[PDB]
């Protein structure tokens, strides 16, 4: 009651608080997306159009090779099912109502007043998914989630909470996409992820938006002793603006994270993509890998490694190709060592594709576009090593078709 009043106050105070990076959106220009959503008990019953849409972001209507499925359309949960008995999957609202302790995890890692986007999401009483793997259990197959914009020009506000209990493993694939014909809109998605002692969370996220969509995810991950967080973000399709900067706090001894990004910046697009790792306990490790290409958009690769404990080791690699006469690549690392006994290293490279590699492949009988296709496939593949195998084919198709359209 006092807590709720104090959070509402803080969130109201942040209504005009711009995010540090990315285009500033006037939230009043977007209608809040529908909080009523017609349930869909069986995803196989959907239209061919919506099924292909799901498939393009790695969401399988048949749930073949999936442990469960969660679907949000605009601001309401449309589907929530499980095949696996060692996972708990519920709407965030329903989880808050079931578990009185869940309030100890809600709006703790992500602050309600971080920026106007977190504030709006809090104030809208955002629903989302709650996913928990109890102690010692491992998901047999990935749980899939899908966040979908269905209205003309609305704001989607989502709040997810993931808890991986001691010694547990959770695999998740999230696809974010749009109804056919949806061109404008905002996605504000707050995710708070808790990995307890010896837990593991593998999280693959594929985005397919539209030319005038703004995207503002805010994600904070807390990794306890001997925990592991692996993230792979894939953003290969046109979109007006994405600005995402997940923070992973390595809180316990030997906590590790591997954070991966692949992206293609299209004309008229700003992609401001970052990763932050905070080394707060001895022996913590991070590998941050970004492989991106611009074909006319603006790409900013941010990476931040904050060394607060002895024995920590962190490495950031950012590479960004510029393929066209329009567009730009920026690499903006931050390495901060606040103790003596630490190793933080980084390499960055931006600019041209290798002319000799293109010419070598053309001599083998390939057009320039085909040659570029093969090179960029190899280049981007480094950033998606070890994603679920099943996802590679569609991703490769997207990369190939991009090269061949140049």
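Positions refer to the first chain, counted from 1.
For the segment pair 302-310 and 177-185, the entry gives 177-185 the higher mean B-factor, averaged over Cα atoms. A summary of the deposited B-factors shows that, of 371-379 and 44-52, the stretch with the larger mean C-alpha value is 44-52. When the C-alpha B-factors of 37, 345, 357, 338 are ranked from the entry, the top spot goes to 37. Reading the B-factor column for the CA atoms of 281, 148, 230, 158 in the entry, the top value corresponds to 148. When the modelled residues of the chain are ordered by their C-alpha B factor, residue 81 lands in the highest third. The deposited CA B-factor of residue 320 belongs to the lowest third of values across its chain. In the PDB entry, a CA B factor belonging to the highest third of its chain's modelled residues is recorded for residue 99. Ranked within its chain, residue 61 lands in the highest third, by CA B factor from the PDB record.
Looking at the C-alpha B-factors along this chain, the one for residue 297 belongs to the lowest third.
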